[PDB]
Trainee: 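Questions regarding the structure given below will be posed in turn.
Each chain gets a letter, A, B and so on, in the order its sequence line appears, and its residues count up from 1. Both ligands and their constituent atoms are indexed starting at 1 by order of listing.
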Amino acid sequence: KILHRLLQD
Amino acid sequence: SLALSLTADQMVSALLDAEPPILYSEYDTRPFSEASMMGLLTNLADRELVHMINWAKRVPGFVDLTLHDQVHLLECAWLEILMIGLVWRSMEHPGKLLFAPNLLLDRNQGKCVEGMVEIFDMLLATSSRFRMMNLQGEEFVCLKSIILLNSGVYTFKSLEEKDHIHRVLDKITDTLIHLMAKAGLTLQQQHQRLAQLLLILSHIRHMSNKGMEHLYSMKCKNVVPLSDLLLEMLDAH
Ligand SMILES: NS(=O)(=O)c1ccc2c(c1)[C@@H]1CCC[C@@H]1[C@H](c1ccc(O)cc1)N2
C-alpha cells in the first residue's frame with residue numbers, strides 16, 4: 001500500500 | 001527495452017547516478033539502551049527504504065516491469081539491499097558497522113539488542129570479504145541491482161516478465177565482466193572474480209532471512225513500535 005504510493009510518486 | 005541496449009559504461013554510469021544518499025541517525029547519543037538503539041535503527045531503516053524505493057525506479061529495466069512485479073521484487077529484496085549498503089559503507093571501518101556517519105557501531109554494541117550480535121558478526125564478515133576482494137564502487141552498484149532483480153524472480157504472462165528480468169540480469173553480468181576486463185584481469189581471473197562476487201549473494205540472502213526472523217521477533221515483543229512501511233515490508237515475508 002505505502003509501497004504502491006511511493007512507487008507511483 | 002532501454003536497459004538492454006545500454007553499453008557497459010552507460011549501465012555503470014546510470015547505476016552510479018542512481019545511488020541513494022547516505023543518511024544520518026537521529027542525534028538525540030549517550031550509551032545505548034536496547035530500546036534506544038532499536039529506535040535509532042528502526043527510524044533509520046524506514047527513512048532508507050523511501051530512498052531505496054526511488055533508487056529502484058532508476059535501475060534500468062526496473063520501471064519496464066508491472067507495478068505488481070516491482071512490488072514483489074522490492075518486498076523480496078529490501079533487507080538484502082539495506083544490508084549490502086551497510087556492508088559497503090562499513091568497508092573503510094574494519095570491525096565496525098557504519099549505520100550512518102554519526103552511528104558507527106562495534107560488535108559489543110550489537111549486544112545492546114538481544115539476538116543482534118549474530119547478524120552483526122555476519123555483516124562484519126561480509127565487510128571483511130569485500131575488503132579482502134578489494135570490491136570497487138562500480139562492482140558494488142552492479143551487485144545491488146542484481147539483488148533487486150534476482151531475489152524475487154524465482155517466486156512469481158509472468159514469463160515474458162521473468163525473461164526481461166533475466167535479460168537485464170545478463171546485461172549486468174556483461175557489465176561486471178566489462179569492468180573486470182578494463183581493470184586488466186585475465187579471462188580466467190574475470191570468471192573467477194565474478195563467481196566469488198555472486199557467491200557472496202548467497203550469504204547476503206542468509207543474513208536477510210536471519211534479520212527478518214530477528215525483526216519479526218522484535219515485533220512480537222513490541223519493545224519499540226515499527227513504522228507502517230517496515231511492517232508492510234515485513235508482512236510480505
Ligand atoms: N532492533 S530493531 O529495532 O528490532 C531493528 C530495526 C531495524 C533494523 C534492524 C533491527 C536490523 C538489525 C541489524 C541491522 C538491521 C536493519 C538495518 C538498518 C539500517 C540499515 O542501513 C541497514 C539495516 N534494520
Trainee: Taking 4.0 angstrom as the limit and counting only heavy atoms of B/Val113, give me the atoms of ligand 1 inside it, by number and element.
Mentor: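 By the 4.0 Å cutoff, the relevant atoms are 1 (N).
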Trainee: Please write down residue, atom name and distance for the protein heavy atom closest to atom 18 (C) of ligand 1.
Mentor: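 That would be B/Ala45 CB, 3.8 Å.
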Trainee: With a cut-off of 4.0 Å, which atoms of ligand 1 are near a heavy atom of B/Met218?
Mentor: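 Contacts of ligand 1 toward B/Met218, numbered from 1: 4 (O).
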Trainee: Around atom 8 (C) of ligand 1, find the nearest protein heavy atom and jot down its residue, atom name and distance.
Mentor: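 In this structure, atom 8 (C) of ligand 1 has B/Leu41 CB, 4.4 Å as its nearest protein heavy atom.
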Trainee: If a pair satisfies side chain to side chain donor-acceptor pair (under 3.5 Å) and one of its residues is in residues 166-184 of chain B, list it, with sequence neighbours excluded.
Mentor: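 Applying side chain to side chain donor-acceptor pair (under 3.5 Å) to every pair that reaches into residues 166-184 of chain B, excluding sequence neighbours, yields B/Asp9-B/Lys182.
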Trainee: Is any heavy atom of the protein nearer than 4.0 Å to atom 12 (C) of ligand 1?
Mentor: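 Under the 4.0 Å cut-off, atom 12 (C) of ligand 1 does have protein heavy-atom neighbours.
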Trainee: With a heavy-atom distance limit of 4.0 Å, tell me whether B/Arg89 approaches ligand 1 through its side chain, its backbone, both, or neither.
Mentor: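 Under 4.0 Å from ligand 1, B/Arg89 contributes side-chain atoms alone.
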Trainee: Return yes when B/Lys219 approaches ligand 1 closer than 4.0 angstrom through a heavy atom, no otherwise.
Mentor: no
Trainee: Any non-hydrogen side-chain atom of B/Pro20 less than 4.5 Å from a side-chain atom of B/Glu48?
Mentor: no
Trainee: Between B/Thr42 and ligand 1, which part of the residue brings a heavy atom under 4.0 Å of the ligand: side chain, backbone, both or neither?
Mentor: both
Trainee: With nothing but distance in play, are any N or O atoms of B/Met116 less than 3.5 Å from an N or O of ligand 1?
Mentor: no
Trainee: For residues 110-125 of chain B, dump all side-chain donor-acceptor pairs below 3.5 Å to protein atoms at least two apart in sequence or in another chain.
Mentor:
{"residue": "B/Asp121", "atom": "OD1", "partner": "B/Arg107", "partner atom": "NE", "Å": "2.7"}
{"residue": "B/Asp121", "atom": "OD2", "partner": "B/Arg107", "partner atom": "NE", "Å": "3.2"}
{"residue": "B/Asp121", "atom": "OD2", "partner": "B/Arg107", "partner atom": "NH2", "Å": "2.7"}

Trainee: Just how far is it from atom CZ of B/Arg89 to atom CG of B/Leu104, taken to the nearest 0.5 Å?
Mentor: 11.0 Å
Trainee: Within the side chain of B/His93, is there an N or O that forms a donor-acceptor pair under 3.5 Å with the backbone of B/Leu98?
Mentor: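 No, B/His93 side chain to B/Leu98 backbone: no donor-acceptor pair under 3.5 Å.
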Trainee: Please round to the nearest 0.5 Å and tell me the distance separating atom OG of B/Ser1 and atom CG of B/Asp64.
Mentor: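 Going from OG on B/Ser1 over to CG on B/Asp64, the span is 4.0 Å.
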Trainee: Establish whether atom 6 (C) of ligand 1 and some protein heavy atom are separated by less than 4.0 angstrom.
Mentor: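 It does; a protein heavy atom is within 4.0 Å.
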Trainee: Show me which atoms of ligand 1 lie under 4.0 Å from any heavy atom of B/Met38.
Mentor: 1 (N), 2 (S), 3 (O)
Trainee: Nearest protein heavy atom to atom 23 (C) of ligand 1, by residue and atom, and its distance?
Mentor: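 I find the closest protein heavy atom is B/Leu82 CB, 4.0 Å.
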Trainee: Have a look at B/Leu97, B/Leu79, B/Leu105 and point out the one with the heavy atom closest to atom 16 (C) of ligand 1.
Mentor: B/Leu79
Trainee: Record the part of B/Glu48 in heavy-atom contact with ligand 1 below 4.0 Å; permitted values are side chain, backbone, both and neither.
Mentor: side chain
Trainee: Pull out every atom of ligand 1 sitting under 4.0 Å from any heavy atom of B/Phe99, numbered as shown with elements.
Mentor: 14 (C)
Trainee: Taking atom types as modelled and ignoring hydrogens, do the side chains of B/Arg58 and B/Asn54 form a donor-acceptor contact shorter than 3.5 angstrom?
Mentor: no
Trainee: Spell out, as yes or no, whether a donor-acceptor pair under 3.5 Å connects the side chain of B/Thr42 to the backbone of B/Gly39.
Mentor: no
Trainee: Would the distance check show the side chain of B/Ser151 and the main-chain N or O of B/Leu148 forming a donor-acceptor pair, the cut-off being under 3.5 Å?
Mentor: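 Between the backbone of B/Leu148 and the side chain of B/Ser151 there is no qualifying donor-acceptor contact (under 3.5 Å).
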Trainee: Give the residue, atom name and distance (to 0.1 Å) of the protein heavy atom nearest atom 9 (C) of ligand 1.
Mentor: B/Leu215 CD1, 4.6 Å
Trainee: Please report the interatomic distance NE2(B/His237) to CG(B/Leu215), rounded to the nearest 0.5 Å.
Mentor: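 The NE2 atom of B/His237 sits 10.0 Å away from the CG atom of B/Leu215.
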